[PDB]
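Novice: Sharing a structure here in structure tokens format.
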Amino acid sequence: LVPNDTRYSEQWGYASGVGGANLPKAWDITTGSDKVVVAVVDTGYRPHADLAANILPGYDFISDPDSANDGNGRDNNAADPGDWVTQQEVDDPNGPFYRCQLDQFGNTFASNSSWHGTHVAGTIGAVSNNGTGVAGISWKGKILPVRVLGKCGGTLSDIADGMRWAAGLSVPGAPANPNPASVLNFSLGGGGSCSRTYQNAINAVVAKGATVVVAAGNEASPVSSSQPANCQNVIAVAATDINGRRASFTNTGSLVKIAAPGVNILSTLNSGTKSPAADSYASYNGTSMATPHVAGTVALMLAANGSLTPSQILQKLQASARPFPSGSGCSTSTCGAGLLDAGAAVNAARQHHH
Ligand SMILES: [Ca+2]
Ligand SMILES: [Ca+2]
Ligand SMILES: [Ca+2]
């Protein structure tokens with residue numbers, strides 16, 4: 001089954017080429033379920049016309065109002081106000097953004113709004129087969145926006161609290177989440193070995209039944225160098241390109257569980273360079289893009305068979321992955337089990353007599 005969206009043909013990651021995830025075969029089984037919820041734990045969302053119908057009420061765990069860029073600390077509105085950082089902000093020695101992002105040489109730089117959470121959310125669940133824009137992996141699934149990244153990023157504590165809340169666990173000062181998510185997408189990370197703050201939250205949500213999918217990182221470095229990609233009990237995802245080859249930037253190593261489309265990925269975005277402006281579509285690169293191909297595939301796996309455990313989900317993802325092509329720059333010790341194949345991973349529960 002294929003959707004009719006105008007730009008779907010440019011979304012090679014969904015197609016059945018050597019590098020693609022082979023979604024049309026999966027979509028013959030299921031195009032998702034509104035009872036399966038994927039949490040996009042990220043910069044927040046824009047109510048893009050090609051996305052908003054699949055977005056649930058979420059939460060905003062950014063504690064610092066300066067980073068939050070929305071007039072307050074934690075709040076119940078996960079809309080993305082923009083995460084831009086001006087040159088004056090990053091260079092102000094008396095300001096809250098001083099040297100908050102540095103390049104290879106240790107020099108500060110400025111950035112426009114990324115709308116990164118809107119791009120990631122569109123890969124999971126853009127409104128599909130509606131004759132416009134892009135498609136998502138789960139056409140009918142719901143997306144729980146959990147905003148944890150603001151101007152110059154986010155804090156470990158806010159991200160770990162967002163993780164707990166996303167899965168339906170308690171966080172002090174936050175209301176209960178009536179839409180617990182069974183798949184949690186983390187297209188983010190930072191340096192250092194896996195903090196106990198992350199590992200405690202991960203183990204709590206996994207035991208609650210959630211699958212945690214995390215970007216391996218973009219430093220052409222060992223995946224051991226980036227958390228939460230280097231944590232236990234997560235699915236770390238490396239990025240490959242349209243030819244099934246290792247992305248130049250992807251982190252690699254023994255902890256990577258699978259590779260997925262992460263180069264030239266078209267999805268929903270916004271045209272604003274600071275505050276929100278018009279809906280748009282944009283092509284991004286990163287392990288951030290590979291991660292929602294895997295998380296969306298899990299959402300379809302659960303729509304097709306709601307009884308699968310996180311352990312069974314990982315085993316099926318890896319067993320159904322395609323071997324890396326010759327000359328890919330990938331191996332099963334560096335890029336996970338193979339190339340993501342949703343068409344092979346998604347399997348309907350058994351039918352039975354009545
Ligand atoms: Ca706020
Ligand atoms: Ca907010
Ligand atoms: Ca669409």
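Each chain in the structure tokens gets a letter, A, B and so on, in the order shown; residues start at 1 in every chain, and ligands are counted from 1 in the order they appear.
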May I have the residues within 8 Å of residue A:198 as JSON, numbers by chain, using only C-alpha atoms and disregarding those fewer than 6 positions away in the same chain?

Specialist: {"A": [156, 160, 228, 231]}

Novice: Sorted by chain and rising residue number, which residues of chain A lie within 6 Å of ligand 1, and what are their closest atom pairs and distances in Å to one decimal, counting only C-alpha atoms and all ligand atoms, as a Markdown table?

Specialist:
```
| residue | atom | partner | partner_atom_place_in_ligand_line | distance |
| --- | --- | --- | --- | --- |
| A:65 | CA | ligand 1 | 1 (Ca) | 5.9 |
| A:68 | CA | ligand 1 | 1 (Ca) | 5.2 |
| A:70 | CA | ligand 1 | 1 (Ca) | 5.1 |
| A:71 | CA | ligand 1 | 1 (Ca) | 5.9 |
| A:72 | CA | ligand 1 | 1 (Ca) | 4.0 |
| A:73 | CA | ligand 1 | 1 (Ca) | 4.0 |
| A:74 | CA | ligand 1 | 1 (Ca) | 4.7 |
| A:75 | CA | ligand 1 | 1 (Ca) | 5.0 |
```

Novice: May I have a table of the residues of chain A lying at most 12 Å from ligand 2, giving each one's closest pair of atoms and their distance in Å to one decimal, counting only C-alpha atoms and all ligand atoms, ordered by chain and ascending residue number, as JSON lines?

Specialist:
```
{"residue": "A:43", "atom": "CA", "partner": "ligand 2", "partner_atom_place_in_ligand_line": "1 (Ca)", "distance": 10.1}
{"residue": "A:44", "atom": "CA", "partner": "ligand 2", "partner_atom_place_in_ligand_line": "1 (Ca)", "distance": 8.2}
{"residue": "A:45", "atom": "CA", "partner": "ligand 2", "partner_atom_place_in_ligand_line": "1 (Ca)", "distance": 10.2}
{"residue": "A:46", "atom": "CA", "partner": "ligand 2", "partner_atom_place_in_ligand_line": "1 (Ca)", "distance": 11.6}
{"residue": "A:57", "atom": "CA", "partner": "ligand 2", "partner_atom_place_in_ligand_line": "1 (Ca)", "distance": 11.5}
{"residue": "A:58", "atom": "CA", "partner": "ligand 2", "partner_atom_place_in_ligand_line": "1 (Ca)", "distance": 9.6}
{"residue": "A:59", "atom": "CA", "partner": "ligand 2", "partner_atom_place_in_ligand_line": "1 (Ca)", "distance": 7.4}
{"residue": "A:60", "atom": "CA", "partner": "ligand 2", "partner_atom_place_in_ligand_line": "1 (Ca)", "distance": 5.1}
{"residue": "A:61", "atom": "CA", "partner": "ligand 2", "partner_atom_place_in_ligand_line": "1 (Ca)", "distance": 8.1}
{"residue": "A:62", "atom": "CA", "partner": "ligand 2", "partner_atom_place_in_ligand_line": "1 (Ca)", "distance": 7.8}
{"residue": "A:63", "atom": "CA", "partner": "ligand 2", "partner_atom_place_in_ligand_line": "1 (Ca)", "distance": 10.0}
{"residue": "A:64", "atom": "CA", "partner": "ligand 2", "partner_atom_place_in_ligand_line": "1 (Ca)", "distance": 11.0}
{"residue": "A:65", "atom": "CA", "partner": "ligand 2", "partner_atom_place_in_ligand_line": "1 (Ca)", "distance": 9.4}
{"residue": "A:66", "atom": "CA", "partner": "ligand 2", "partner_atom_place_in_ligand_line": "1 (Ca)", "distance": 11.8}
{"residue": "A:67", "atom": "CA", "partner": "ligand 2", "partner_atom_place_in_ligand_line": "1 (Ca)", "distance": 10.8}
{"residue": "A:68", "atom": "CA", "partner": "ligand 2", "partner_atom_place_in_ligand_line": "1 (Ca)", "distance": 7.0}
{"residue": "A:69", "atom": "CA", "partner": "ligand 2", "partner_atom_place_in_ligand_line": "1 (Ca)", "distance": 8.1}
{"residue": "A:70", "atom": "CA", "partner": "ligand 2", "partner_atom_place_in_ligand_line": "1 (Ca)", "distance": 5.6}
{"residue": "A:71", "atom": "CA", "partner": "ligand 2", "partner_atom_place_in_ligand_line": "1 (Ca)", "distance": 8.0}
{"residue": "A:72", "atom": "CA", "partner": "ligand 2", "partner_atom_place_in_ligand_line": "1 (Ca)", "distance": 7.4}
{"residue": "A:73", "atom": "CA", "partner": "ligand 2", "partner_atom_place_in_ligand_line": "1 (Ca)", "distance": 7.7}
{"residue": "A:74", "atom": "CA", "partner": "ligand 2", "partner_atom_place_in_ligand_line": "1 (Ca)", "distance": 6.9}
{"residue": "A:75", "atom": "CA", "partner": "ligand 2", "partner_atom_place_in_ligand_line": "1 (Ca)", "distance": 5.3}
{"residue": "A:76", "atom": "CA", "partner": "ligand 2", "partner_atom_place_in_ligand_line": "1 (Ca)", "distance": 6.3}
{"residue": "A:77", "atom": "CA", "partner": "ligand 2", "partner_atom_place_in_ligand_line": "1 (Ca)", "distance": 4.2}
{"residue": "A:78", "atom": "CA", "partner": "ligand 2", "partner_atom_place_in_ligand_line": "1 (Ca)", "distance": 5.0}
{"residue": "A:79", "atom": "CA", "partner": "ligand 2", "partner_atom_place_in_ligand_line": "1 (Ca)", "distance": 5.9}
{"residue": "A:80", "atom": "CA", "partner": "ligand 2", "partner_atom_place_in_ligand_line": "1 (Ca)", "distance": 7.2}
{"residue": "A:81", "atom": "CA", "partner": "ligand 2", "partner_atom_place_in_ligand_line": "1 (Ca)", "distance": 7.7}
{"residue": "A:82", "atom": "CA", "partner": "ligand 2", "partner_atom_place_in_ligand_line": "1 (Ca)", "distance": 10.7}
{"residue": "A:145", "atom": "CA", "partner": "ligand 2", "partner_atom_place_in_ligand_line": "1 (Ca)", "distance": 10.8}
{"residue": "A:146", "atom": "CA", "partner": "ligand 2", "partner_atom_place_in_ligand_line": "1 (Ca)", "distance": 9.8}
{"residue": "A:147", "atom": "CA", "partner": "ligand 2", "partner_atom_place_in_ligand_line": "1 (Ca)", "distance": 7.5}
{"residue": "A:148", "atom": "CA", "partner": "ligand 2", "partner_atom_place_in_ligand_line": "1 (Ca)", "distance": 9.7}
{"residue": "A:149", "atom": "CA", "partner": "ligand 2", "partner_atom_place_in_ligand_line": "1 (Ca)", "distance": 10.7}
{"residue": "A:150", "atom": "CA", "partner": "ligand 2", "partner_atom_place_in_ligand_line": "1 (Ca)", "distance": 9.8}
```

Novice: All residues within 8 Å of ligand 3 are required, counting only C-alpha atoms and all ligand atoms; please report them as a VMD selection string.

Specialist: chain A and resid 5 to 7 50 to 51 126 to 136

Novice: Output C-alpha atoms for every residue in that selection, as a PDB file, in the first residue's frame.

Specialist:
```
ATOM      1  CA  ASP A   5       1.027  12.460  -0.601  1.00  0.00           C
ATOM      2  CA  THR A   6       2.680  14.906  -3.000  1.00  0.00           C
ATOM      3  CA  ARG A   7       6.198  14.514  -1.568  1.00  0.00           C
ATOM      4  CA  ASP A  50       0.268  18.015   7.689  1.00  0.00           C
ATOM      5  CA  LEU A  51       0.913  16.913  11.310  1.00  0.00           C
ATOM      6  CA  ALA A 126       2.752  13.104   9.500  1.00  0.00           C
ATOM      7  CA  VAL A 127      -0.830  13.094   8.237  1.00  0.00           C
ATOM      8  CA  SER A 128      -0.684  10.605   5.392  1.00  0.00           C
ATOM      9  CA  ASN A 129      -2.718   9.866   2.267  1.00  0.00           C
ATOM     10  CA  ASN A 130      -4.226  13.372   2.482  1.00  0.00           C
ATOM     11  CA  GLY A 131      -3.087  14.512  -0.947  1.00  0.00           C
ATOM     12  CA  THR A 132      -0.485  16.977   0.268  1.00  0.00           C
ATOM     13  CA  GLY A 133       2.926  17.253   1.861  1.00  0.00           C
ATOM     14  CA  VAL A 134       4.699  14.176   3.225  1.00  0.00           C
ATOM     15  CA  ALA A 135       3.746  10.831   4.757  1.00  0.00           C
ATOM     16  CA  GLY A 136       4.578   9.367   8.153  1.00  0.00           C
TER      17      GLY A 136
END
```

Novice: What residues in stretch 108-331 of chain A get the DSSP label strand (DSSP E or B)? Please answer as a count of residues only.

Specialist: 51

Novice: Considering only C-alpha atoms, can you say which of A:314, A:260, A:319, A:225 comes closest to residue A:245?

Specialist: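 Smallest separation from residue A:245 among the options: A:260.
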
Novice: Name the residues in contact with residue A:295 at a cut-off of 9 Å, using only C-alpha atoms, excluding same-chain residues fewer than 2 positions from it; report them as a count of residues only.

Specialist: 17

Novice: Which one of A:318, A:326, A:307, A:113 sits closest to residue A:341 if you count only C-alpha atoms?

Specialist: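 When distances to residue A:341 are compared using only C-alpha atoms, the smallest one comes from A:318.
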
Novice: As an MDAnalysis selection string, which residues of stretch 169-352 of chain A does DSSP assign to helix (DSSP H, G or I)?

Specialist: chainID A and resid 196:207 223:225 287:304 310:320 342:345

Novice: State, in Å with one decimal place, the distance from atom CA of residue A:331 to atom CA of residue A:232.

Specialist: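 Atom-to-atom, atom CA of residue A:331 and atom CA of residue A:232 are spaced 20.8 Å apart.
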
Novice: Find, counting only C-alpha atoms, the residue in A:52, A:201, A:321, A:85 that gets nearest to residue A:101.

Specialist: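 Comparing A:52, A:201, A:321, A:85 against residue A:101, the winner is A:85.
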
Novice: Need the shell around residue A:218: protein/DNA/RNA residues with any atom at most 6 Å away, counting only C-alpha atoms. Skip same-chain ones fewer than 6 positions apart. Format as JSON, numbers by chain?

Specialist: {"A": [249, 250, 251]}

Novice: Using only C-alpha atoms, which residue out of A:329, A:180, A:286, A:296 lies closest to residue A:35?

Specialist: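 Ranking A:329, A:180, A:286, A:296 by distance to residue A:35, first place goes to A:180.
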
Novice: Residues within 7 Å of residue A:258, please, as a PyMOL selection string. Count only C-alpha atoms; anything in the same chain fewer than 4 positions from it doesn't count.

Specialist: chain A and resi 237-238+318+335-340

Novice: Now that the selection is made, can you save its residues with N, CA and C atoms as a PDB file, in the first residue's frame?

Specialist:
```pdb
ATOM      1  N   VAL A 237      20.464   3.720  17.480  1.00  0.00           N
ATOM      2  CA  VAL A 237      20.217   3.653  16.043  1.00  0.00           C
ATOM      3  C   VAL A 237      21.282   4.448  15.293  1.00  0.00           C
ATOM      4  N   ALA A 238      21.979   3.784  14.365  1.00  0.00           N
ATOM      5  CA  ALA A 238      22.926   4.453  13.483  1.00  0.00           C
ATOM      6  C   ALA A 238      22.228   4.874  12.192  1.00  0.00           C
ATOM      7  N   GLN A 318      15.901  -6.920  14.946  1.00  0.00           N
ATOM      8  CA  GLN A 318      17.235  -7.336  14.543  1.00  0.00           C
ATOM      9  C   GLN A 318      17.174  -8.545  13.614  1.00  0.00           C
ATOM     10  N   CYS A 335      27.330  -1.211  13.214  1.00  0.00           N
ATOM     11  CA  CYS A 335      26.116  -0.526  12.774  1.00  0.00           C
ATOM     12  C   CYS A 335      24.854  -1.307  13.126  1.00  0.00           C
ATOM     13  N   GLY A 336      24.940  -2.243  14.062  1.00  0.00           N
ATOM     14  CA  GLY A 336      23.780  -3.017  14.440  1.00  0.00           C
ATOM     15  C   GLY A 336      23.513  -4.192  13.520  1.00  0.00           C
ATOM     16  N   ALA A 337      22.309  -4.746  13.672  1.00  0.00           N
ATOM     17  CA  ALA A 337      21.998  -6.042  13.073  1.00  0.00           C
ATOM     18  C   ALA A 337      21.913  -5.997  11.553  1.00  0.00           C
ATOM     19  N   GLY A 338      21.717  -4.826  10.976  1.00  0.00           N
ATOM     20  CA  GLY A 338      21.507  -4.683   9.548  1.00  0.00           C
ATOM     21  C   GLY A 338      20.705  -3.425   9.276  1.00  0.00           C
ATOM     22  N   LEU A 339      20.159  -3.342   8.063  1.00  0.00           N
ATOM     23  CA  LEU A 339      19.337  -2.209   7.651  1.00  0.00           C
ATOM     24  C   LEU A 339      17.890  -2.443   8.058  1.00  0.00           C
ATOM     25  N   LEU A 340      17.274  -1.433   8.684  1.00  0.00           N
ATOM     26  CA  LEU A 340      15.868  -1.528   9.075  1.00  0.00           C
ATOM     27  C   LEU A 340      14.986  -1.992   7.921  1.00  0.00           C
TER      28      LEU A 340
END
```

Novice: Would you mind listing what lies within 10 Å of residue A:2 as a ChimeraX atom specification, with only C-alpha atoms counted and same-chain residues fewer than 5 positions away left out?

Specialist: /A:8-9,14-15,23-25,27-28,128-129,135
